[PDB]
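No Cβ is skipped: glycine too gets one built from the backbone with ideal geometry, and neighbour counts run over all protein chains shown. Rule-based calculations on the coordinates, nothing more; no lab input.
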Amino acid sequence: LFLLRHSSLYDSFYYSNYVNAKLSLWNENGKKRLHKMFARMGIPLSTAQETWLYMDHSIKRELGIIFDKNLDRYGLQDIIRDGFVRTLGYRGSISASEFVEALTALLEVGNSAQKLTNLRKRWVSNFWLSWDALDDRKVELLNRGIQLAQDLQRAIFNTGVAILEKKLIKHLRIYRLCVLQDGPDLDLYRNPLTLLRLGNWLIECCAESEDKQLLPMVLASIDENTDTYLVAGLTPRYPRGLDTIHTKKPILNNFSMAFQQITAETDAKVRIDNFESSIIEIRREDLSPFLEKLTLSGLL
Amino acid sequence: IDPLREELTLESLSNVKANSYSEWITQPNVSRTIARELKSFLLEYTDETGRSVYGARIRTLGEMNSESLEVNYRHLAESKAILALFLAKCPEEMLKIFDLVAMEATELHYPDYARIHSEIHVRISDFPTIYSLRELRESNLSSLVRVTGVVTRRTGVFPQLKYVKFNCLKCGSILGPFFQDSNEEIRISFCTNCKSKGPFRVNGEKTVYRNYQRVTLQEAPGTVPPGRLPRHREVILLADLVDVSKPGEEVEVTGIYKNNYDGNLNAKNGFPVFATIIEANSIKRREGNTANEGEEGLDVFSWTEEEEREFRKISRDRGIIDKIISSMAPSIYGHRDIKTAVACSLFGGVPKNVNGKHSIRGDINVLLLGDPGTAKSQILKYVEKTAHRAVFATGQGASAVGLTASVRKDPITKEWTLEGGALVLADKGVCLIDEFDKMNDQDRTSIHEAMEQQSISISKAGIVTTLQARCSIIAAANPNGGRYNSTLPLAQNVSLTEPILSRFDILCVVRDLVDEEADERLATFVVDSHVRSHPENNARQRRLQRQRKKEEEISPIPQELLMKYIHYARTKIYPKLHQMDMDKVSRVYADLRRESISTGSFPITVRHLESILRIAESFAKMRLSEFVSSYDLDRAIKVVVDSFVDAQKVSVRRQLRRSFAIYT
Ligand SMILES: Nc1ncnc2c1ncn2[C@@H]1O[C@H](COP(=O)(O)OP(=O)(O)O)[C@@H](O)[C@H]1O
Ligand SMILES: [Mg+2]
Ligand SMILES: [Zn+2]
């Protein structure tokens, strides 16, 4: 669940990739199913939306049993897991996943060639906010990171809702394709990490499920201040928590090789300077020929 | 076998062996039989479709965290006649048993629902017999009644003691908790242990509280005989029923007719006369729903899950907007430009609040300026019928503070207080003002703030407050001289001023012209409609089927389904704009301003660009779509440009139409 200990239980179930994937919370049916689940668990809606600290202690203590008996009905049996929780005297307790989420949020939104250099300088600066958050004396930074993580997850959820409602995810035999052109929050997706977050959200939702053959996904975004794309190849994922011989085997990311070969053969002034070779920057005009060549290559 | 656990059968249950219905029901075995039969009815009842109605109702009840299960009286009467008779004759104990059997059907679906709501109430929807406050007599005492009236007065919600605990003054022993009647006070005279004449201090370690409210129900003006004083009754609203009825509304009250001893009554009258009250069981909002009395259920605008699926299926159709427009006032022959505007106003736009500093209206106002006999009042009546919350007012029949809000002195507290008006009553609804041009200037001017700011400001008698008026206004007016003069500009044909005209999003000018083909077609349609509506031209199922067959001729969508669709779209759909042609809209606005520079023309301001956006939002909403498409924006642009062109004069109309042909 997303930041269970620093938000409400309703928010924790709502803004979770796995819960949305297994319930489709991006439409009204998913919300109705979630409300029905909460009603059968015996937790009032007002109680669920209460913050974690002030939630009724009886329900908080019984939460483990309540989940043990009710999550199986709705297919959320995988929510049960064992993690590491760290506490300091007279302070709140924070789990490892929540700490990592706060650090990533600080890294992402913490606060021609010239603009690119300025953006990369800003990211380098955010690195130091993330570094400072690792200290026990700087807890205000951690709280700020938690709030930014909540906001970023909300924005990514809105963008994913927009993508899925419009049916923007074109399906080609070799691979899937999704291109963002006129979203409300296009600026947030200049950072590769936010784009990867959105890509993971989309991969878990409606793709990990539906019993559809695994297919690599292409996610692209556009920034008007520079008029270029940020293409990011994403490897497919097996259903979460499904131990199997084929699930035991890993899935490799072949997009770096195909992108490099296309760039070398073609002439579109593509950038492969990023460490993650699957993320490239493409000029506005060249994306259509690049995708044509990608489809015709068949090396994905 | 324990005799207290044995049960009878239904035919044996019909045969009564007690001195009264209450005594028969209260017997252990009879109570067990009644509970078993009620549970069977709840679990096994099936409609024409074949699915359990009450299973779905219980599922929805649990989903929404509610504590009221609605049961239709007709269903119970058909399924179990004897139980319906018992409920009619002895509502109290029957309702207690029904409430118990309902928390065991709810708990069947949601095992741990007791942690949300301790108890669940059963509400009767359609009692076959309807009484007036004048018709009530002593024979209706301690029996379920259904009355209609006007909520003249209201109290604040108070916590009432569910259980009262008593302790002896002298002995100090604490008597057990006792049930608190809603009607009158509970007292202990004779102590079981102490046997002390003296009173008991009322004390309790822990007490459970209940919501309580009281209203003054008055005969509605429509039903009271002309020129006669109205009769009134006091209605008591218990938990979950409070705040459902607001003062000035018209409601139908299903409750228990109860009497109690009143000393002052006796004193004043001089006879042993008992005061009377009504214990509300269910409330149905009858305001603005006179023509909707033929339906069933407490709320006719509510929907079920299957109806929601049907709404989705209807919306997925490509030509949904055309069908919706065609279904607006099917009995009116043409005026496809007055139907489109009415549909857009009914669906409305999406209000916006930019960063919490800027507020933008999200409602559409329409004005009908036309000839005397062009079916405007009928359109207003249809809009009143279809809208969820509607208020109808006439020109001179409306005062400047009858609209908006007014200040009075409270009879009880002798203090200045605030009352609502037409606008207030039409919150998130529609306000219809027939004979707009005949309004007093003062009266007219009142609505200026309300129509754009969506708020009412009152500074009177030390009362400094701002209300919410999020109501759309559709008005019908007659041009100066009683007939439109197409040669003169629009401004010279009406006496309204620039601000009021600008506040109206859509203008629909109606002209009556003599034409052989148009006259023939209109006369044929009118005659066909008149023949169709002639009163002479299961039994309930047969009546519904023939009504549906009659309706199918003139409307592609059922009217009740249309009202439910409109309510669902308004409540659950909030479209947004993300992809749109900025240059197209900007050029359209600039061209409109340039053409409107002419003297006496229809005023044009940024309000109309915002109205174009609002109409695009409404068109998107008509399809239950979460995003505005280019087609909806084009349709809104066409509507606005067509209205502007039609508002012009004859001489320049051809030039204007030729110039604007690109957008339309
Ligand atoms: N286009 C039309 N289609 C069907 N009936 C019409 C049409 N126009 C007028 N009528 C009939 O003529 C009458 C017009 O009266 P009404 O519209 O109430 O007057 P006003 O237009 O001043 O409000 C109505 O009873 C209506 O049945
Ligand atoms: Mg009229
Ligand atoms: Zn005593």
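Give me a single rounded figure for A:36-48: the average over its residues of other chain Cβ atoms within 10 Å of their Cβ.
Counting Cβ atoms of other protein chains within 10 Å of each residue's Cβ and averaging gives 5.
Do any of B:284/B:572; B:96/B:162; B:89/B:165 go past 20 Å between their Cα atoms, and which?
Exceeds cut-off: B:284/B:572; B:89/B:165.
What list do you get for B:595, B:310 if you sort them by fewest beta carbons within 10 Å?
So the residues, fewest neighbours to most, are B:310, B:595.
Cross-link list B:258/B:460; B:313/B:549; A:36/B:357: which exceed 32 angstrom alpha carbon to alpha carbon?
With Cα atoms farther than 32 Å apart: B:258/B:460; A:36/B:357.
Relative to the compact globular guide of 2.2 N^0.38 Å, what is the alpha carbon radius of gyration of chain B, as a ratio?
1.15
Using +1 at the Cβ of each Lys and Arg and -1 at the Cβ of each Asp and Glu in the protein assembly as shown, identify which of B:232, B:622, B:62 lies farthest towards the dipole's positive end.
B:232
Could you go through the range B:284-299 in sequence order and give the Karplus-derived ³J(HN,Hα) for each residue, using 6.51 cos²θ - 1.76 cosθ + 1.60 with θ = phi - 60°, rounded to whole Hz, and x for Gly and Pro?
Values per residue, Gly and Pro as x: 10, 6, 8, 4, x, 10, 4, 7, 9, 6, x, 9, 10, x, 5, 10 Hz.
Going through the range A:163-192, which trypsin sites (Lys or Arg not before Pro) have at most 15 other Cβ atoms within 10 Å and a DSSP loop state?
A:167, A:173
For the charge dipole of the protein assembly as shown, defined by +1 on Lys and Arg C-beta atoms and -1 on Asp and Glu C-beta atoms about the Cα centroid, which residue among B:399, A:179, B:15 has the Cα displaced farthest towards the positive pole?
It is B:399.
If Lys and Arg each add +1 and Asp and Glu each add -1, what is the summed charge of the other residues whose beta carbon sits under 12 Å from the beta carbon of residue B:397?
That sum, taken over residues with Cβ under 12 Å, equals -2.
Taking 7 Å along the Cα-to-C-beta vector as the label spot, tell me the residue A:63-residue B:32 distance in nanometres, rounded to one decimal.
Each label point lies 7 Å from its Cα, and together they span 4.5 nm.
Test of understanding: ordering B:582, A:55 by Cβ neighbours within 10 Å, fewest first, what list do you get?
Least to most surrounded, the residues fall as B:582, A:55.
Where a Cα-Cα gap under 20 Å defines reach, which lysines qualify for residue B:339, not counting those fewer than 8 residues away within the same chain?
The qualifying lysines are B:323, B:376, B:381, B:385, B:564, B:621, B:638.
By average Cβ neighbour count within 10 Å, what is the ranking of B:400-406, B:528-534, B:209-215 from highest down?
B:400-406, B:209-215, B:528-534
Which whole-angstrom value gives the distance between the alpha carbon centres of the range A:9-35 and the range A:196-267?
23
Assigning unit charges at the beta carbon (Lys, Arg +1; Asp, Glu -1) and nothing else, what dipole magnitude in debye, to the nearest 20, does chain B show about its Cα centre?
So the dipole magnitude of chain B works out to roughly 1160 debye.
Just subtract the alpha-carbon distance of residue B:209 and residue B:267 from 0.36 nm times their residue separation and send over the number in nm, one decimal.
Gain on extension, residue B:209 to residue B:267, equals 17.5 nm.
List every residue whose amide H lies under 5 Å from the amide H of residue A:277, counting only residues 5 or more places away in sequence or on a different chain, with H placed 1.01 Å from N in the peptide plane.
Here nothing satisfies the definition.
Tell me, B:599, B:106 in order of fewest to most beta-carbon neighbours within 10 Å?
In order of increasing Cβ crowding within 10 Å: B:599, B:106.
Given +1 on the Cβ of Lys and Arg, -1 on the Cβ of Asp and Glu, and no further charges, what dipole in debye does the range A:81-128 carry about its Cα centre, rounded to the nearest 20?
280
Show me A:79-91, B:483-495 ranked by packing, highest mean number of other Cβ atoms within 10 Å first.
B:483-495, A:79-91
Would you work out which of A:163, A:202, A:291 lies farthest towards the positive end of the dipole of the range A:95-300? Charges go on Cβ: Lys and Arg +1, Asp and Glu -1.
Value computed over the given set: A:291.
Over the range B:29-127, what per residue volume does the convex hull of the Cα atoms give, in whole Å³?
Considering the Cα atoms of the range B:29-127, their hull volume per residue is 95 Å³.
Based on the Kirkwood radius over alpha-carbon pairs, what value in µm²/s does the Stokes-Einstein equation return for the translational diffusion coefficient of the protein assembly as shown at 10 °C and 1.306 mPa s?
The Stokes-Einstein estimate is 47 µm²/s.
Using the Karplus equation 6.51 cos²θ - 1.76 cosθ + 1.60 (θ = phi - 60°), what ³J(HN,Hα) coupling, rounded to whole Hz, does each residue of the range B:46-60 give in order, writing x for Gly and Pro?
Computed from phi, the couplings for the range B:46-60 are 10, 8, 4, 4, x, 8, 5, 5, 6, x, 5, 4, 5, 4, 5 Hz.
Calculate one ³J(HN,Hα) per residue across the range B:559-574 by plugging θ = phi - 60° into the Karplus curve 6.51 cos²θ - 1.76 cosθ + 1.60, and present them in order as whole Hz with x for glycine and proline.
Per residue, the Karplus-derived 3J(HN,Hα) values read 5, 4, 4, 5, 5, 4, 4, 4, 4, 4, 4, 5, 6, 10, 10, 9 Hz.
Out of the DSSP beta bridges found with both residues in the range B:300-663, what percent are antiparallel (nearest 5)?
Taking every DSSP beta bridge with both residues in the range B:300-663, the antiparallel ones total about 45 percent.
Could you tell me which of rounded, prolate or oblate describes the range A:95-300, using a ≥ b ≥ c as the square roots of the eigenvalues of the alpha-carbon gyration tensor, with rounded for a/c under 1.5 and, failing that, prolate when a/b is larger than b/c and oblate otherwise?
Verdict is oblate for the range A:95-300.
Provide the net charge surrounding residue B:570, with neighbours chosen by a C-beta distance below 10 Å and charges set as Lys +1, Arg +1, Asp -1, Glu -1.
+3
For chain B, give the share of DSSP beta bridges that are antiparallel, in percent and rounded to the nearest 5; count only bridges with both residues there.
Antiparallel: roughly 70 percent of the beta bridges in chain B.
In a shell of Cβ-Cβ distance under 15 Å around residue B:438, excluding residue B:438 itself, what net charge do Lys and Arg (+1) and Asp and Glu (-1) give?
Within the 15 Å Cβ shell, the charges total -3.
Provide the percentage of antiparallel DSSP beta bridges, counting only those with both residues in the protein assembly as shown; round to the nearest 5.
The antiparallel proportion sits near 70 percent.
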